[PDB]
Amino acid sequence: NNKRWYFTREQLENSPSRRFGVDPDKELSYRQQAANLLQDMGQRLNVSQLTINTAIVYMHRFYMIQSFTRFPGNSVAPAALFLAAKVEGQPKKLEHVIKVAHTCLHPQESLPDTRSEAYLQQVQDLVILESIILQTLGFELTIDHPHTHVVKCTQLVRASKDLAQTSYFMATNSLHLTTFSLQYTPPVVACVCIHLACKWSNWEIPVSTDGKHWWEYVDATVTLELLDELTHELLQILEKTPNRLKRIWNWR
């Protein structure tokens, strides 16, 4: 139903992985790395950032049910991306996804003879995994992403091409870096991204003439207390991430 894929913090501590002894910190990486592998493959497969984001959410959700100890991220990412491309209508071929995943995971290694038994096996493994993903997610594949909501909001507040692009950037990075997707509705995450991008640009959105703050035009539930708590959490991890901030840093 509606609260099915949103979890309390307390629920996030008791994840399938913990259960099997994976520290919270360790688990987080595992996620960030899967998101990285997705981003890398997706770019070479030439699929949209939207499709990559979809596979990332699939991955996030998958691991609220399954454990990294049983299903390693290097196995799941390709299957997830394979699925997300089919769903987002940018289908990429099974053999092609296999190839690209191989070079990413094993840059030096040499692709197996497609005639081989070893290769036929990995083809079959991807298909099996896609099916385990479909079933774990219970066939719920339509994903709402913050980005839809970002665009709408950043137009309504007449942000510069720059501010808007920075907010879209925050959105994409929230998926790679955080479990916000498992906790907050996309529209709320969109507000968090726009807020942070403002802070980072020194931009301030003028309080409407009604005395209503912008986010109130966006989500009823949202409060500034929540926004500051969240932008802080997001900014912290951006700071840990080598070179990420450099990308939005005003070098002048």
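Only the largest set of C-alpha atoms that superpose within 1.5 Å between the two forms is called the rigid core. Residue numbers here begin at 1 and follow the sequence given.
- With 180 to 188 and 207 to 215 as candidates, the stretch whose CA atoms show the greater average offset from this form in 6 other deposited structures of this protein after a core fit is 207 to 215.
- Core-fitted comparison in 6 other deposited structures of this protein shows that, between 170 to 178 and 142 to 150, the CA atoms farther from the shown form belong to 142 to 150.
- Look at the C-alpha B-factors of 85 to 93 and of 116 to 124. On average they run higher in 116 to 124.
- Comparing the deposited coordinates for 125 to 133 and 104 to 112, the stretch with the larger average C-alpha B-factor is 104 to 112.
- Sorting 214, 184, 58, 200 by the CA temperature factor given in the entry leaves 214 at the top.
- Looking only at 77, 141, 175, 151, the residue with the top Cα B factor in the deposited structure is 151.
- The entry lists a Cα temperature factor for residue 219 that places it in the highest third of the chain's modelled residues.
- In this PDB entry, residue 64 carries a Cα temperature factor that places it within the middle third of its chain's modelled residues.
- Remark: residue 14 belongs to the highest third of its chain, ranked by C-alpha B-factor as recorded.
- For residue 188, the recorded CA temperature factor ranks within the middle third of the chain's modelled residues.
- Residue 35: CA B factor in the lowest third of modelled residues in this chain (values from the PDB entry).
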